[PDB]
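Visitor: Let me give you the structure first, and then I'll get to my questions.
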Amino acid sequence: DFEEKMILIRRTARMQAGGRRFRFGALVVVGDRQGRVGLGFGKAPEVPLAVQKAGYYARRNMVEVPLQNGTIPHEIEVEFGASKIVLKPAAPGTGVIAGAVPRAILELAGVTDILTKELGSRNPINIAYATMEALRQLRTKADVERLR
RNA sequence: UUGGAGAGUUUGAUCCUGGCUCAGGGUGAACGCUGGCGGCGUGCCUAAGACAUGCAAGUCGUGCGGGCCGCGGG
Ligand SMILES: [Mg+2]
Ligand SMILES: [Mg+2]
Ligand SMILES: [Mg+2]
Ligand SMILES: [Mg+2]
Ligand SMILES: [Mg+2]
Ligand SMILES: [Mg+2]
Ligand SMILES: [Mg+2]
Ligand SMILES: [Mg+2]
Ligand SMILES: [Mg+2]
Ligand SMILES: [Mg+2]
Ligand SMILES: [Mg+2]
Ligand SMILES: [Mg+2]
Ligand SMILES: [Mg+2]
Ligand SMILES: [Mg+2]
Ligand SMILES: [Mg+2]
Ligand SMILES: [Mg+2]
Ligand SMILES: [Mg+2]
Ligand SMILES: [Mg+2]
Ligand SMILES: [Mg+2]
Ligand SMILES: [Mg+2]
Ligand SMILES: [Mg+2]
Numbered sequence: 005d006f007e008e009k010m011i012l013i014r015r016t017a018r019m020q021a022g023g024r025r026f027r028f029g030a031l032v033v034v035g036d037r038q039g040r041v042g043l044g045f046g047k048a049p050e051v052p053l054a055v056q057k058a059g060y061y062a063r064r065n066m067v068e069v070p071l072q073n074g075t076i077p078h079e080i081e082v083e084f085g086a087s088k089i090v091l092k093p094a095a096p097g098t099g100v101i102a103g104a105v106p107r108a109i110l111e112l113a114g115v116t117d118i119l120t121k122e123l124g125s126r127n128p129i130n131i132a133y134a135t136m137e138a139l140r141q142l143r144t145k146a147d148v149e150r151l152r
């Protein structure tokens with residue numbers, strides 16, 4: 005099993021005669037703090053089901069981060085629409101320096117030491133997607149020598 | 001490679017653009033309430049407006065001639 009954290013829980017509305025009627029969403033990451041994270045987005049008529057629905061997707065889309073002594077191997081800059089995330093490798097006693105969104109994403113991934121920065125649209129849902137697709141594009145010296 | 005966190009606010013709801021605003025550190029500071037000791041710094045940022053009084057540049061008789069006073073003694 006994994007450690008699980010709810011990063012976002014929001015309410016949205018739609019309109020029809022008689023007035024507004026709501027729907028809830030939850031951005032949820034899940035991970036072992038040992039090289040495995042997954043991000044899931046769940047929407048439902050009530051908070052709990054959405055949180056649970058989210059968790060199922062989180063496990064449905066996962067990714068394997070090549071941790072090297074608790075930091076990422078190389079620079080990664082990634083855009084997701086108008087959102088940009090910078091992940092920069094950091095030495096031992098550094099700490100995890102990121103906003104509560106990529107913080108929880110990287111944290112549950114076993115990342116213990118990292119310099120980061122959000123640029124552009126800091127919309128919670130998009131910055132999430134950009135942090136993940138960044139990891140999914142992380143490589144190591146092995147991976148490289150094998151390609152080339 | 002010793003180094004980089006963001007949030008609030010346009011919408012019924014969304015994504016984006018965009019500004020406004022905030023949390024930080026800093027100061028020869030000032031103001032309010034309050035105020036026990038000590039150490040080290042430090043204190044007219046305005047009128048280079050105006051200033052009472054004292055003090056801040058003198059020293060040498062191993063350059064010279066003197067006046068006064070004194071010790072000496074003619
Ligand atoms: Mg890999
Ligand atoms: Mg772009
Ligand atoms: Mg975006
Ligand atoms: Mg390195
Ligand atoms: Mg912007
Ligand atoms: Mg924003
Ligand atoms: Mg660098
Ligand atoms: Mg910041
Ligand atoms: Mg408003
Ligand atoms: Mg409008
Ligand atoms: Mg409103
Ligand atoms: Mg803004
Ligand atoms: Mg201040
Ligand atoms: Mg005072
Ligand atoms: Mg007083
Ligand atoms: Mg003193
Ligand atoms: Mg002056
Ligand atoms: Mg005048
Ligand atoms: Mg006058
Ligand atoms: Mg004097
Ligand atoms: Mg002489």
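If you're matching positions, the first sequence starts at 5 in the entry's author numbering and goes up one per residue. Backbone N, C-alpha and C define an ideal beta-carbon position, used for all residues, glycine too.
#1: Do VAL100 and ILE118 have their C-beta atoms within less than 7 Å of each other?
#2: Assign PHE28 to buried or exposed, taking buried as 16 or more other Cβ atoms, counted over all protein chains shown, within 10 Å of its Cβ.
#3: Can you name the residues that DSSP bridges to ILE101?
#4: Identify which residue in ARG15, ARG24, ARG40 and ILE13 has its Cα closest to the Cα of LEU112.
#5: Check the C-beta distance from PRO77 over to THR144 and give it rounded, since I have them as a contact under 8 Å.
#6: To which residues does DSSP link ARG18 through a beta bridge?
#7: Could you check which residue in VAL33, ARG18 and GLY97 has the C-alpha nearest to that of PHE26?
Guide: Checking against the coordinates, here is how it stands:
#1: Along the first sequence, read from residue 1 onward, the residue named residue 100 stands at position 96. Along the first sequence, read from residue 1 onward, the residue named residue 118 stands at position 114. Contact flag set, yes.
#2: For the purposes of this step, residue 28 is taken as the residue at position 24 of the first sequence. So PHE28 ends up on the buried side.
#3: Stepping through the first sequence from its first residue, residue 101 is reached at position 97. Its beta-bridge partners are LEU119.
#4: In the first sequence, residue 112 corresponds to position 108, counting from 1. Measuring from the Cα of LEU112, the nearest candidate turns out to be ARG40.
#5: Position 73 of the first sequence, counted from the first residue, corresponds to residue 77. Position 140 of the first sequence, counted from the first residue, corresponds to residue 144. Yes, they are in contact, since the Cβ atoms of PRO77 and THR144 sit about 5 Å apart, within 8 Å.
#6: The residue given as residue 18 occupies position 14 in the first sequence. Bridge partners of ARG18: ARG25.
#7: The residue given as residue 26 occupies position 22 in the first sequence. That would be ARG18, whose Cα lies nearest to the Cα of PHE26.
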